[PDB]
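Student: As input, take target.pdb (PDB, C-alpha atoms and all ligand atoms):
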MODEL        1
ATOM      1  CA  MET A   1      26.525  -5.106   9.755
ATOM      2  CA  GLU A   2      29.318  -3.768  11.987
ATOM      3  CA  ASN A   3      28.266  -0.141  11.475
ATOM      4  CA  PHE A   4      24.898  -0.919  13.017
ATOM      5  CA  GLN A   5      24.223  -2.478  16.373
ATOM      6  CA  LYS A   6      20.903  -4.151  15.561
ATOM      7  CA  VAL A   7      18.169  -3.359  18.060
ATOM      8  CA  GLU A   8      15.889  -6.153  16.800
ATOM      9  CA  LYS A   9      13.888  -7.571  13.901
ATOM     10  CA  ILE A  10      10.879  -5.359  13.221
ATOM     11  CA  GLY A  11       9.166  -7.484  10.612
ATOM     12  CA  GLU A  12       9.169  -9.405   7.343
ATOM     13  CA  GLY A  13       8.402  -7.438   4.174
ATOM     14  CA  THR A  14       7.530  -8.896   0.770
ATOM     15  CA  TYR A  15      11.168  -8.169  -0.073
ATOM     16  CA  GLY A  16      13.042  -9.263   3.035
ATOM     17  CA  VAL A  17      13.323  -8.773   6.782
ATOM     18  CA  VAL A  18      13.312  -5.305   8.343
ATOM     19  CA  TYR A  19      15.369  -4.396  11.401
ATOM     20  CA  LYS A  20      15.642  -1.445  13.740
ATOM     21  CA  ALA A  21      19.259  -0.427  14.125
ATOM     22  CA  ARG A  22      21.349   2.372  15.546
ATOM     23  CA  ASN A  23      24.319   3.864  13.739
ATOM     24  CA  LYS A  24      27.146   3.427  16.267
ATOM     25  CA  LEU A  25      28.754   6.500  14.742
ATOM     26  CA  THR A  26      25.882   8.943  14.194
ATOM     27  CA  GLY A  27      23.740   7.514  16.986
ATOM     28  CA  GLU A  28      20.950   7.502  14.408
ATOM     29  CA  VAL A  29      18.138   4.929  14.834
ATOM     30  CA  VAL A  30      17.054   3.626  11.428
ATOM     31  CA  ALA A  31      15.128   0.830   9.766
ATOM     32  CA  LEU A  32      17.243  -1.594   7.789
ATOM     33  CA  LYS A  33      15.645  -3.710   5.073
ATOM     34  CA  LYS A  34      17.838  -6.478   3.679
ATOM     35  CA  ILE A  35      16.821  -7.921   0.320
ATOM     36  CA  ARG A  36      17.363 -11.584  -0.568
ATOM     37  CA  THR A  41      19.844 -14.612  -5.772
ATOM     38  CA  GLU A  42      23.319 -14.529  -7.325
ATOM     39  CA  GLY A  43      22.985 -11.873 -10.012
ATOM     40  CA  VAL A  44      21.377  -8.734  -8.549
ATOM     41  CA  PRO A  45      19.740  -6.672 -11.357
ATOM     42  CA  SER A  46      22.053  -3.649 -11.351
ATOM     43  CA  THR A  47      19.325  -1.994 -13.411
ATOM     44  CA  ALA A  48      17.378  -2.179 -10.155
ATOM     45  CA  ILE A  49      20.200  -0.818  -8.005
ATOM     46  CA  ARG A  50      20.150   2.125 -10.399
ATOM     47  CA  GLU A  51      16.372   2.592 -10.203
ATOM     48  CA  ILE A  52      16.312   1.996  -6.446
ATOM     49  CA  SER A  53      19.150   4.513  -6.132
ATOM     50  CA  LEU A  54      16.966   7.109  -7.828
ATOM     51  CA  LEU A  55      14.405   6.682  -5.052
ATOM     52  CA  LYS A  56      16.847   8.272  -2.609
ATOM     53  CA  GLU A  57      15.975  11.485  -4.441
ATOM     54  CA  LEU A  58      12.304  11.177  -3.426
ATOM     55  CA  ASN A  59      11.665  13.755  -0.723
ATOM     56  CA  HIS A  60       8.197  14.309   0.597
ATOM     57  CA  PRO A  61       6.771  14.534   4.123
ATOM     58  CA  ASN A  62       4.505  11.564   3.461
ATOM     59  CA  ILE A  63       7.119   9.230   2.077
ATOM     60  CA  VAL A  64       9.508   7.338   4.369
ATOM     61  CA  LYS A  65      12.941   8.706   3.455
ATOM     62  CA  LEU A  66      15.317   6.223   1.828
ATOM     63  CA  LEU A  67      18.673   7.200   3.372
ATOM     64  CA  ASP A  68      20.992   4.711   1.718
ATOM     65  CA  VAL A  69      21.260   1.745  -0.591
ATOM     66  CA  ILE A  70      24.036  -0.733   0.230
ATOM     67  CA  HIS A  71      24.986  -3.438  -2.240
ATOM     68  CA  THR A  72      27.322  -6.046  -0.788
ATOM     69  CA  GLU A  73      27.780  -9.820  -0.450
ATOM     70  CA  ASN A  74      24.877 -10.832  -2.738
ATOM     71  CA  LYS A  75      22.754  -8.842  -0.288
ATOM     72  CA  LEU A  76      21.097  -5.471  -0.800
ATOM     73  CA  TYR A  77      20.358  -3.221   2.162
ATOM     74  CA  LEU A  78      17.987  -0.296   2.201
ATOM     75  CA  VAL A  79      18.451   2.163   5.048
ATOM     76  CA  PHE A  80      15.267   4.044   5.873
ATOM     77  CA  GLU A  81      14.288   6.708   8.368
ATOM     78  CA  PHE A  82      12.568   4.927  11.238
ATOM     79  CA  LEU A  83       8.952   5.329  12.405
ATOM     80  CA  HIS A  84       7.592   3.554  15.463
ATOM     81  CA  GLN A  85       4.367   2.028  14.266
ATOM     82  CA  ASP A  86       2.611   0.724  11.175
ATOM     83  CA  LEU A  87      -1.061   1.225  10.365
ATOM     84  CA  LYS A  88      -1.843  -2.468  10.677
ATOM     85  CA  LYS A  89      -0.756  -2.458  14.306
ATOM     86  CA  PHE A  90      -2.553   0.828  14.916
ATOM     87  CA  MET A  91      -5.805  -0.427  13.386
ATOM     88  CA  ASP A  92      -5.590  -3.599  15.473
ATOM     89  CA  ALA A  93      -4.955  -1.475  18.545
ATOM     90  CA  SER A  94      -7.950   0.726  17.653
ATOM     91  CA  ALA A  95     -10.255  -2.179  16.772
ATOM     92  CA  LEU A  96     -12.410  -1.804  19.890
ATOM     93  CA  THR A  97     -13.103   1.890  19.480
ATOM     94  CA  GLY A  98     -12.368   2.557  15.833
ATOM     95  CA  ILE A  99     -10.045   5.244  14.483
ATOM     96  CA  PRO A 100     -11.827   8.584  14.839
ATOM     97  CA  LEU A 101     -13.073   9.876  11.449
ATOM     98  CA  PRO A 102     -11.013  13.058  11.621
ATOM     99  CA  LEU A 103      -7.866  10.906  12.002
ATOM    100  CA  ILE A 104      -8.953   8.526   9.238
ATOM    101  CA  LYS A 105      -9.550  11.571   7.024
ATOM    102  CA  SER A 106      -6.177  13.103   7.942
ATOM    103  CA  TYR A 107      -4.389   9.859   7.152
ATOM    104  CA  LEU A 108      -6.186   9.377   3.815
ATOM    105  CA  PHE A 109      -5.435  13.006   2.848
ATOM    106  CA  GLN A 110      -1.726  12.653   3.667
ATOM    107  CA  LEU A 111      -1.498   9.306   1.865
ATOM    108  CA  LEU A 112      -3.091  10.862  -1.246
ATOM    109  CA  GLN A 113      -0.537  13.720  -1.042
ATOM    110  CA  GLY A 114       2.232  11.135  -0.876
ATOM    111  CA  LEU A 115       0.829   9.270  -3.855
ATOM    112  CA  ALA A 116       0.171  12.442  -5.858
ATOM    113  CA  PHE A 117       3.842  13.222  -5.308
ATOM    114  CA  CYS A 118       5.181   9.781  -6.307
ATOM    115  CA  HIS A 119       2.830   9.524  -9.266
ATOM    116  CA  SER A 120       3.790  12.986 -10.547
ATOM    117  CA  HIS A 121       7.360  11.689 -10.478
ATOM    118  CA  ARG A 122       6.494   8.511 -12.351
ATOM    119  CA  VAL A 123       6.960   6.260  -9.306
ATOM    120  CA  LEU A 124       4.355   3.602  -8.468
ATOM    121  CA  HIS A 125       4.096   1.817  -5.163
ATOM    122  CA  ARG A 126       2.289  -1.313  -6.448
ATOM    123  CA  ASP A 127       2.099  -3.041  -3.062
ATOM    124  CA  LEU A 128       0.319  -0.661  -0.703
ATOM    125  CA  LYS A 129      -1.052  -2.270   2.460
ATOM    126  CA  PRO A 130      -1.518  -1.219   6.097
ATOM    127  CA  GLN A 131       1.800  -2.784   7.087
ATOM    128  CA  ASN A 132       3.531  -0.484   4.580
ATOM    129  CA  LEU A 133       2.041   2.701   6.049
ATOM    130  CA  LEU A 134       3.964   4.122   8.993
ATOM    131  CA  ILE A 135       2.793   6.618  11.582
ATOM    132  CA  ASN A 136       4.399   8.764  14.266
ATOM    133  CA  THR A 137       3.281  10.608  17.391
ATOM    134  CA  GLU A 138       2.786  13.899  15.523
ATOM    135  CA  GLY A 139      -0.107  12.770  13.333
ATOM    136  CA  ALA A 140       1.934  12.061  10.214
ATOM    137  CA  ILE A 141       1.526   8.924   8.128
ATOM    138  CA  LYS A 142       4.043   7.912   5.476
ATOM    139  CA  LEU A 143       4.305   5.451   2.592
ATOM    140  CA  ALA A 144       7.111   2.802   2.962
ATOM    141  CA  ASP A 145       8.505  -0.017   0.716
ATOM    142  CA  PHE A 146       7.723   1.200  -2.846
ATOM    143  CA  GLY A 147       9.484   0.897  -6.175
ATOM    144  CA  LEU A 148      10.405  -2.767  -6.006
ATOM    145  CA  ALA A 149       7.861  -4.754  -8.024
ATOM    146  CA  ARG A 150       8.997  -2.562 -10.906
ATOM    147  CA  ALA A 151      12.710  -2.816 -10.143
ATOM    148  CA  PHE A 152      12.270  -6.538  -9.325
ATOM    149  CA  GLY A 153       9.184  -7.873 -11.084
ATOM    150  CA  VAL A 154       7.381  -9.945  -8.447
ATOM    151  CA  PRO A 155       8.673 -12.743  -6.139
ATOM    152  CA  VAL A 156       6.386 -15.663  -5.204
ATOM    153  CA  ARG A 157       6.661 -14.910  -1.454
ATOM    154  CA  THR A 158       8.319 -12.489   0.991
ATOM    155  CA  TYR A 159      11.399 -14.426   2.142
ATOM    156  CA  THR A 160      10.565 -16.923   4.895
ATOM    157  CA  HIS A 161       7.872 -18.599   2.792
ATOM    158  CA  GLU A 162       5.459 -16.054   4.274
ATOM    159  CA  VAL A 163       1.975 -15.576   2.777
ATOM    160  CA  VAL A 164       1.701 -12.638   0.363
ATOM    161  CA  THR A 165      -1.351 -10.436   0.948
ATOM    162  CA  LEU A 166      -3.733 -10.089  -2.000
ATOM    163  CA  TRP A 167      -6.372  -8.039  -0.184
ATOM    164  CA  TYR A 168      -5.292  -4.719  -1.669
ATOM    165  CA  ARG A 169      -4.559  -5.823  -5.216
ATOM    166  CA  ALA A 170      -6.365  -3.912  -8.006
ATOM    167  CA  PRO A 171      -8.612  -5.978 -10.336
ATOM    168  CA  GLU A 172      -6.525  -5.303 -13.423
ATOM    169  CA  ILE A 173      -3.492  -6.979 -11.753
ATOM    170  CA  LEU A 174      -5.626  -9.975 -10.803
ATOM    171  CA  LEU A 175      -6.942 -10.167 -14.398
ATOM    172  CA  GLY A 176      -3.361 -10.393 -15.638
ATOM    173  CA  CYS A 177      -2.730  -6.932 -17.007
ATOM    174  CA  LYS A 178       0.938  -6.684 -17.785
ATOM    175  CA  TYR A 179       1.216  -2.909 -17.464
ATOM    176  CA  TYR A 180       0.285  -1.417 -14.068
ATOM    177  CA  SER A 181      -0.732   2.233 -13.909
ATOM    178  CA  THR A 182      -0.843   4.655 -11.000
ATOM    179  CA  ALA A 183      -4.470   3.576 -10.645
ATOM    180  CA  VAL A 184      -3.373   0.389  -8.868
ATOM    181  CA  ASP A 185      -2.235   2.482  -5.900
ATOM    182  CA  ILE A 186      -5.515   4.368  -5.702
ATOM    183  CA  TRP A 187      -7.346   1.029  -5.584
ATOM    184  CA  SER A 188      -5.165  -0.245  -2.713
ATOM    185  CA  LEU A 189      -5.607   3.021  -0.822
ATOM    186  CA  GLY A 190      -9.365   2.791  -1.351
ATOM    187  CA  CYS A 191      -9.299  -0.693   0.212
ATOM    188  CA  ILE A 192      -7.303   0.661   3.143
ATOM    189  CA  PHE A 193      -9.678   3.609   3.583
ATOM    190  CA  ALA A 194     -12.639   1.217   3.811
ATOM    191  CA  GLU A 195     -10.808  -0.968   6.309
ATOM    192  CA  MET A 196     -10.007   1.974   8.624
ATOM    193  CA  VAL A 197     -13.697   2.867   8.561
ATOM    194  CA  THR A 198     -15.329  -0.544   9.070
ATOM    195  CA  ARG A 199     -12.437  -2.098  10.992
ATOM    196  CA  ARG A 200     -12.499  -5.152   8.778
ATOM    197  CA  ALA A 201     -10.675  -5.803   5.504
ATOM    198  CA  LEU A 202     -12.856  -4.930   2.522
ATOM    199  CA  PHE A 203     -11.744  -7.839   0.289
ATOM    200  CA  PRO A 204      -9.984 -10.502   2.371
ATOM    201  CA  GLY A 205      -9.266 -12.985  -0.418
ATOM    202  CA  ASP A 206      -7.373 -16.141   0.449
ATOM    203  CA  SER A 207      -6.393 -16.918  -3.172
ATOM    204  CA  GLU A 208      -6.198 -14.937  -6.400
ATOM    205  CA  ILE A 209      -9.540 -16.168  -7.645
ATOM    206  CA  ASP A 210     -11.197 -15.768  -4.230
ATOM    207  CA  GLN A 211      -9.775 -12.214  -4.128
ATOM    208  CA  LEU A 212     -11.270 -11.498  -7.520
ATOM    209  CA  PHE A 213     -14.642 -13.035  -6.731
ATOM    210  CA  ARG A 214     -14.884 -11.201  -3.407
ATOM    211  CA  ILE A 215     -14.373  -7.994  -5.416
ATOM    212  CA  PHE A 216     -16.998  -9.132  -7.939
ATOM    213  CA  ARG A 217     -19.496 -10.119  -5.221
ATOM    214  CA  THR A 218     -19.341  -6.612  -3.821
ATOM    215  CA  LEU A 219     -18.874  -4.271  -6.799
ATOM    216  CA  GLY A 220     -20.562  -6.520  -9.350
ATOM    217  CA  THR A 221     -18.874  -8.674 -12.002
ATOM    218  CA  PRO A 222     -17.423  -6.140 -14.447
ATOM    219  CA  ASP A 223     -18.532  -6.083 -18.055
ATOM    220  CA  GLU A 224     -17.786  -4.060 -21.165
ATOM    221  CA  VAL A 225     -20.244  -1.360 -20.087
ATOM    222  CA  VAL A 226     -18.395  -0.358 -16.901
ATOM    223  CA  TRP A 227     -14.968  -1.556 -17.993
ATOM    224  CA  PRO A 228     -14.308  -1.388 -21.753
ATOM    225  CA  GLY A 229     -11.792  -4.068 -22.666
ATOM    226  CA  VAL A 230     -12.269  -6.179 -19.542
ATOM    227  CA  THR A 231     -13.434  -9.280 -21.457
ATOM    228  CA  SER A 232     -10.145  -9.184 -23.384
ATOM    229  CA  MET A 233      -7.995  -9.206 -20.255
ATOM    230  CA  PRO A 234      -5.426 -12.020 -20.132
ATOM    231  CA  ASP A 235      -7.065 -13.918 -17.284
ATOM    232  CA  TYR A 236     -10.640 -12.939 -17.907
ATOM    233  CA  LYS A 237     -12.893 -16.012 -18.314
ATOM    234  CA  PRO A 238     -16.401 -15.807 -19.805
ATOM    235  CA  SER A 239     -17.259 -18.451 -17.220
ATOM    236  CA  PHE A 240     -16.859 -15.982 -14.296
ATOM    237  CA  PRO A 241     -20.144 -15.911 -12.352
ATOM    238  CA  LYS A 242     -22.080 -12.716 -12.911
ATOM    239  CA  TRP A 243     -22.832 -11.035  -9.576
ATOM    240  CA  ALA A 244     -24.961  -7.921  -9.150
ATOM    241  CA  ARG A 245     -23.306  -4.867  -7.648
ATOM    242  CA  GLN A 246     -24.184  -4.280  -3.994
ATOM    243  CA  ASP A 247     -25.515  -0.960  -2.754
ATOM    244  CA  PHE A 248     -22.523   1.004  -1.573
ATOM    245  CA  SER A 249     -24.250   1.984   1.706
ATOM    246  CA  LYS A 250     -23.821  -1.633   2.731
ATOM    247  CA  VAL A 251     -20.049  -1.682   2.034
ATOM    248  CA  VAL A 252     -18.681   0.950   4.384
ATOM    249  CA  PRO A 253     -21.334   1.820   6.949
ATOM    250  CA  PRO A 254     -21.610   4.193   8.641
ATOM    251  CA  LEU A 255     -19.395   6.398   6.415
ATOM    252  CA  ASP A 256     -21.162   9.588   5.180
ATOM    253  CA  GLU A 257     -21.978  10.238   1.496
ATOM    254  CA  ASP A 258     -18.883  12.406   0.888
ATOM    255  CA  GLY A 259     -16.722   9.530   2.041
ATOM    256  CA  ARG A 260     -18.749   6.887   0.182
ATOM    257  CA  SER A 261     -18.629   9.010  -2.960
ATOM    258  CA  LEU A 262     -14.829   9.343  -2.734
ATOM    259  CA  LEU A 263     -14.394   5.634  -2.043
ATOM    260  CA  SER A 264     -16.621   4.727  -5.006
ATOM    261  CA  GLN A 265     -14.331   6.768  -7.271
ATOM    262  CA  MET A 266     -11.207   5.094  -5.884
ATOM    263  CA  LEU A 267     -12.784   1.680  -6.534
ATOM    264  CA  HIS A 268     -13.966   2.159 -10.114
ATOM    265  CA  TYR A 269     -13.182  -0.989 -12.120
ATOM    266  CA  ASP A 270     -11.803   0.846 -15.151
ATOM    267  CA  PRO A 271      -8.272   2.021 -14.214
ATOM    268  CA  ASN A 272      -9.032   4.927 -16.533
ATOM    269  CA  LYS A 273     -12.140   6.077 -14.649
ATOM    270  CA  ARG A 274     -10.510   5.525 -11.239
ATOM    271  CA  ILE A 275      -9.858   8.847  -9.572
ATOM    272  CA  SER A 276      -6.289  10.146  -9.505
ATOM    273  CA  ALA A 277      -4.618  11.025  -6.211
ATOM    274  CA  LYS A 278      -4.525  14.695  -7.268
ATOM    275  CA  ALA A 279      -8.238  14.761  -8.104
ATOM    276  CA  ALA A 280      -9.054  12.861  -4.893
ATOM    277  CA  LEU A 281      -7.396  15.605  -2.841
ATOM    278  CA  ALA A 282      -9.956  18.061  -4.217
ATOM    279  CA  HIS A 283     -12.914  15.866  -3.276
ATOM    280  CA  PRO A 284     -15.485  17.494  -0.900
ATOM    281  CA  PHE A 285     -14.720  14.818   1.676
ATOM    282  CA  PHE A 286     -11.571  16.819   2.534
ATOM    283  CA  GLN A 287     -13.264  20.180   2.936
ATOM    284  CA  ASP A 288     -12.970  19.946   6.739
ATOM    285  CA  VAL A 289      -9.744  17.948   6.960
ATOM    286  CA  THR A 290      -7.541  18.600   9.990
ATOM    287  CA  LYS A 291      -4.449  16.990  11.480
ATOM    288  CA  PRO A 292      -5.363  15.242  14.766
ATOM    289  CA  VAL A 293      -2.880  13.576  17.133
ATOM    290  CA  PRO A 294      -3.192   9.816  17.352
ATOM    291  CA  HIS A 295      -3.189   8.049  20.742
ATOM    292  CA  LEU A 296      -0.065   6.004  20.178
ATOM    293  CA  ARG A 297       1.293   3.578  22.714
ATOM    294  CA  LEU A 298       4.853   2.676  21.847
TER     295      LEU A 298
HETATM  296  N1  LIG A 301      10.366  -0.737   4.315
HETATM  297  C1  LIG A 301      10.331  -0.240   5.364
HETATM  298  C2  LIG A 301      10.281   0.343   6.546
HETATM  299  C3  LIG A 301      10.943   1.586   6.745
HETATM  300  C4  LIG A 301      10.891   2.230   8.010
HETATM  301  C5  LIG A 301      10.179   1.642   9.089
HETATM  302  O1  LIG A 301      10.142   2.290  10.291
HETATM  303  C6  LIG A 301       9.499   0.377   8.903
HETATM  304  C7  LIG A 301       8.787  -0.209   9.930
HETATM  305  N2  LIG A 301       8.126  -1.367   9.658
HETATM  306  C8  LIG A 301       7.433  -1.872  10.707
HETATM  307  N3  LIG A 301       7.352  -1.332  11.940
HETATM  308  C9  LIG A 301       8.051  -0.187  12.083
HETATM  309  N4  LIG A 301       8.015   0.370  13.222
HETATM  310  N5  LIG A 301       8.780   0.423  11.133
HETATM  311  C10 LIG A 301       9.563  -0.261   7.615
ENDMDL
END
Starting from the file, give its structure as structure tokens.
Tutor:
Amino acid sequence: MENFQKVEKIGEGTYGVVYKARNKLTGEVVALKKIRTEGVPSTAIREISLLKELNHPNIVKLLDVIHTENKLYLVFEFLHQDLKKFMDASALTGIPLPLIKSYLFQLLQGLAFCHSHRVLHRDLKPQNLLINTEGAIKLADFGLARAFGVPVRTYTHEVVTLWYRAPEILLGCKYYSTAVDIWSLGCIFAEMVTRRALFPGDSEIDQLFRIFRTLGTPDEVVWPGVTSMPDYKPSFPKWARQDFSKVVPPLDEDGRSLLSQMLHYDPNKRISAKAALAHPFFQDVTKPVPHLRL
């Protein structure tokens, strides 16, 4: 727009391209996400608009919503780096455990806040987690799959990431619960620790079977109602659960215990963000400074 002198394209979210821009008037540097379409669910503009009211240190602030010319623009506070880039940058040495712990703790605080306000993220992934030089990490993107359903791509026919999708979504559950975010965060936690995606599926069924190969094919014992799920097939192969010590080595038992609770198959047994914050894994949590090269 003419109010912003674009600095450059920062990326390509599942809901449009993101740019870094400076407000010629206020001098403010912000992140501008433009959403892609001839109607524009005003019921969404309303919901989205509510999100501006979300204020928490671990949630990227939504500054403004701009509806114009069949295009929707979301103006967000800007942060210099996303966790995907940071993990890639730290791939040789690994993110120190105290930093991993600090990030997980902050992310759970952010989720506990959103969830207590009846807001689900639904598409958590490293690229959607932003960090700054002061050790903070914040949740970005957000209430969109709700206020938009679910597009088949991102915008430029880009490939949607399934790696962090909870099993109930993959099995066709039509009602997501806050548990889907805990699952995604659990996947992210594991990835920070091992430096490799936990479940790198390249299709919906491959995503599901990678989950099954590791945690065991679910059954009515561990997940009451699973065999009645929309996309459940009795023909699914039945894999034995793998010892957890093999999944996220060399993470200690407090961490493995917490992860196991975030990855429970039954959305109802899956730990809540609030309960996770009380887990013993966070007894010695601190707030370290990351080595960020911008
Ligand atoms: N949605 C959103 C959103 C909001 C604020 C942001 O700063 C970013 C972002 N995305 C990628 N890289 C960097 N540096 N920032 C994305």
Student: Given the file shown, enumerate the residues that the PyMOL selection byres (((not hetatm)) within 8 of (chain A and resi 301)) captures and present them as an MDAnalysis selection string.
Tutor: chainID A and resid 10:11 13 18:20 30:33 64 78:86 131:132 134 144:146
Student: I need the residue set behind the PyMOL selection byres (((chain A and resi 209) around 12) and not hetatm) for this file; please write it as a PyMOL selection string.
Tutor: chain A and resi 166-167+169+171+173-176+203-208+210-217+235-237+240-241
Student: Measure the distance from CA of residue 293 (chain A) to CA of residue 120 (chain A) in Å and round it to one decimal.
Tutor: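 Pair CA of residue 293 (chain A) / CA of residue 120 (chain A) returns 28.5 Å.
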Student: Need the shell around residue 25 (chain A): protein/DNA/RNA residues with any atom at most 10 Å away, counting all atoms listed in the file. Skip same-chain ones fewer than 3 positions apart. Format as a ChimeraX atom specification?
Tutor: /A:3-4,22,28
Student: Using all atoms listed in the file, pick whichever of A:269, A:15, A:285, A:107 has the shortest atom-to-atom distance to residue 183 (chain A).
Tutor: A:269
Student: Using all atoms listed in the file, find the one residue out of A:226, A:95, A:194, A:201 that sits nearest to residue 255 (chain A).
Tutor: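 Smallest separation from residue 255 (chain A) among the options: A:194.
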Student: Starting from the incomplete input, reconstruct N, CA and C atoms of region 74-87 of chain A and write that as a short mmCIF file (atom, residue, chain, number, x, y, z; two decimals), in the frame of the given file.
Tutor:
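Output saved as selection-v2.cif:
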data_model
loop_
_atom_site.label_atom_id
_atom_site.label_comp_id
_atom_site.auth_asym_id
_atom_site.auth_seq_id
_atom_site.Cartn_x
_atom_site.Cartn_y
_atom_site.Cartn_z
N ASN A 74 26.11 -10.28 -2.18
CA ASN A 74 24.88 -10.83 -2.74
C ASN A 74 23.64 -10.38 -1.96
N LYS A 75 23.83 -9.38 -1.10
CA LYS A 75 22.75 -8.84 -0.29
C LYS A 75 22.61 -7.35 -0.57
N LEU A 76 21.37 -6.88 -0.59
CA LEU A 76 21.10 -5.47 -0.80
C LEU A 76 20.42 -4.94 0.46
N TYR A 77 20.92 -3.82 0.96
CA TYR A 77 20.36 -3.22 2.16
C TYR A 77 19.80 -1.85 1.88
N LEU A 78 18.60 -1.60 2.37
CA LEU A 78 17.99 -0.30 2.20
C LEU A 78 17.92 0.31 3.60
N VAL A 79 18.49 1.50 3.76
CA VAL A 79 18.45 2.16 5.05
C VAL A 79 17.38 3.24 4.98
N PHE A 80 16.39 3.12 5.85
CA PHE A 80 15.27 4.04 5.87
C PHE A 80 15.15 4.79 7.18
N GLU A 81 14.53 5.96 7.14
CA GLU A 81 14.29 6.71 8.37
C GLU A 81 13.32 5.78 9.10
N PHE A 82 13.39 5.79 10.42
CA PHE A 82 12.57 4.93 11.24
C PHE A 82 11.32 5.58 11.83
N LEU A 83 10.20 4.86 11.80
CA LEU A 83 8.95 5.33 12.40
C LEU A 83 8.53 4.20 13.32
N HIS A 84 7.94 4.55 14.46
CA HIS A 84 7.59 3.55 15.46
C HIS A 84 6.45 2.61 15.26
N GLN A 85 5.49 2.95 14.40
CA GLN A 85 4.37 2.03 14.27
C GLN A 85 3.76 2.00 12.88
N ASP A 86 3.24 0.84 12.49
CA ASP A 86 2.61 0.72 11.18
C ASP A 86 1.10 0.77 11.35
N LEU A 87 0.38 1.10 10.29
CA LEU A 87 -1.06 1.23 10.36
C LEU A 87 -1.78 -0.07 10.70
#
